[PDB]
Amino acid sequence: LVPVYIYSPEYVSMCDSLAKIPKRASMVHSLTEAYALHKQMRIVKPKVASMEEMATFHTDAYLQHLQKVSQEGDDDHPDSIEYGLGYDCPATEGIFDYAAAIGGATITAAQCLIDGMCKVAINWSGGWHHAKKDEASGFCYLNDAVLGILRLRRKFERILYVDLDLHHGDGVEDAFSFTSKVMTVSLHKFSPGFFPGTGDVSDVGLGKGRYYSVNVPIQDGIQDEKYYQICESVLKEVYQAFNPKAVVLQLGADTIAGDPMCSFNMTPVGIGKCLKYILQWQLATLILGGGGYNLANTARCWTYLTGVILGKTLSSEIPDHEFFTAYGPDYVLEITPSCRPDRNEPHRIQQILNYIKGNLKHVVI
Ligand SMILES: O=C(CCCCCCC(=O)Nc1ccccc1)NO
Ligand SMILES: [K+]
Ligand SMILES: [K+]
Ligand SMILES: [Zn+2]
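Within every chain, numbering proceeds from 1 in written sequence order, not necessarily in step with the numbering of the entry, and residues without coordinates do not appear. Labels follow written order: the first chain is A, the first ligand is 1, and so on. Side-chain numbers here rest on the full set of heavy atoms in the structure, without hydrogens or water. Residues with missing side-chain atoms are left out of burial classes, side-chain pairs and their counts.

For this deposited structure, the header cites X-ray crystallography as the method used and 1.5004765401 Å as the resolution.

As structure tokens, this is what we get:
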């Protein structure tokens, strides 16, 4: 079964309108198209999420508020601050249709996996992992990752969420904090002052979900080899302990060298090794994007990872296409790490891995 690629011209145009990542969806799609990768995938038009689908996670009061301020773009509603709207998540006109489109696209990908249409379904414009049931957060108005997991739960009894974004996947972790049917694994920068502030290795979930949240706090400057070593170690133990039946994988590209966040120092090759490790489990896998604020590098990264999913080696030269002039100064697909130090002490990393190994001993059946 060829991978499913969630795409429509109207969906990309809607995603392009997000003020924090303008035209990023067009750049990702047009680069993948220029490498001719869409011909090797099953292109599926996303459905827009219904109110009832979004309310599987979000409260009706939040959804109705988002719908109301979306009408005229009311960025001064008295209740908006209560719902997390205003600064990182402004109440712009049409944002509810934007949110419902991204939520629906991830649900559509999940439904493709349930129906056996494919073993891999891709929504690069998804991955908005910070939104809470009743609150926008960190550029995220709707938590499409949670919506996709809840759709997968119609069929799959154990779902593994893996979050390789620079930031802690707090909204997804919190949504499933109290359950053992969904295990969340997040690798992220963890440093006092760095958003969202949560996700220490000691954060393991709560109640019946205790030990079914895994957090790998990492410092500035990590590069491909050490990151893969960490990721493989954790995922090997998680797979043995939890035996997931489906995977949701968030691949935010704000870890990549050259991102204005200027924190990690990864290239798509290292992220791609993590992706390959998950793919060889041969489980139903839902692929999401996320952060990524060097727009050309984010397109480079997700195009390369689409190649990985397809088992294809891509030419190093960026093909001639609409956004070719954005790929300077070198106009190649490869990304060179910055000449910055790796702040990850090997013994602290090993201590973190030791803690996680101990936690996963408690994970039973
Ligand atoms: O990538 C993300 C979204 C990050 C949400 C924003 C965090 C706060 C922040 O970095 N704000 C900021 C960034 C650049 C310039 C000014 C403020 N989540 O994974
Ligand atoms: K993460
Ligand atoms: K959990
Ligand atoms: Zn991020």
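Caption draft 1: Main features of the state of the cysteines. Here, a disulfide means two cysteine sulfur atoms that sit within 2.5 Å of each other. Following the criterion strictly, the structure yields zero disulfides and no others. Free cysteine: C301, not disulfide-bonded; nearest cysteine sulfur from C274 at 11 Å.

Caption draft 2: Representation of the coordination of the zinc ion (ligand 4) in the model. Water is absent from the atoms considered, so a metal site may look incomplete; donors are defined as N, O and S atoms within 2.8 Å of the metal, or 3.2 Å for Na, K and Ca. Coordination of the zinc ion (ligand 4) by the protein comes from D165 (OD), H167 (ND1) and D254 (OD), over a distance range of 2.0 to 2.1 Å. Any coordination sphere not matching a tetrahedral pattern (four donors, all angles between 85 and 135 degrees) or a square planar or octahedral pattern (four or six donors, opposite donors over 155 degrees apart, other angles between 65 and 115) is reported as irregular. For the zinc ion (ligand 4), the six donor atoms are set out with angles of 29 to 157° between them, so the coordination reads as irregular. Mapped onto the sequence, the donors of the zinc ion (ligand 4) take the spacing D-x1-H-x86-D. Here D254 lies in the loop between β7 (246-250) and α9 (268-279) and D165 lies in the loop between β4 (159-163) and α7 (170-175), a separation of 89 residues in the sequence. Here the term buried applies to any residue with accessible area under 20% of the maximum for its type, exposed to any over 50%, and partly exposed to those in between, with areas from a 1.4 Å probe on protein chains only. What makes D254 buried here is its relative accessible area of 1%. Secondary structure follows DSSP: runs of H or I at least 4 residues long count as helices, runs of E at least 2 residues long count as strands, and numbering of each begins at the N terminus.

Caption draft 3: Main features of the UniProt feature "active site" in the protein. In this numbering, the UniProt entry assigns the feature "active site" to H130. Residue position: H130 is located in the loop between β3 (120-123) and α6 (144-152). Residue contacts are counted whenever heavy atoms from the two residues lie within 4.5 Å of one another. Not counting the four nearest positions on each side in its chain, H130 is found in contact with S137, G138, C140, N143, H167, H168, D170, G171, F195 and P196. UniProt positions are given in the numbering used here, feature names are shortened, and annotations may be inferred rather than shown by experiment.

Caption draft 4: Here's a closer look at the site of ligand 1. By convention in these notes, a residue is near a molecule or strand provided one of its non-hydrogen atoms lies within 4 Å of it. Taken together, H129, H130, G138, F139, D165, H167, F195, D254, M261, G291 and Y293 make up the full set of residues adjacent to ligand 1. In this structure, an oxygen atom belonging to ligand 1 sits 3.1 Å away from a side-chain N or O atom of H167. Only the protein chains shown count as cover for residues, and all accessible areas are computed by the Shrake-Rupley method using a 1.4 Å probe. About the coverage of ligand 1: the protein hides 66% of its 490 Å² of free accessible area. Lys, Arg, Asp and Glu make up the charged group, whereas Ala, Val, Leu, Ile, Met, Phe, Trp, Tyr, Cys and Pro make up the nonpolar group; the residues left over, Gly among them, are polar. By residue class, the composition of the shell around ligand 1 is four nonpolar, five polar and two charged. Pairing of N or O atoms within 3.5 Å defines a polar contact, subject to two protein rules: one partner must be a possible hydrogen donor and the other a possible acceptor, and residues neighboring in sequence count only if both atoms are side-chain atoms.

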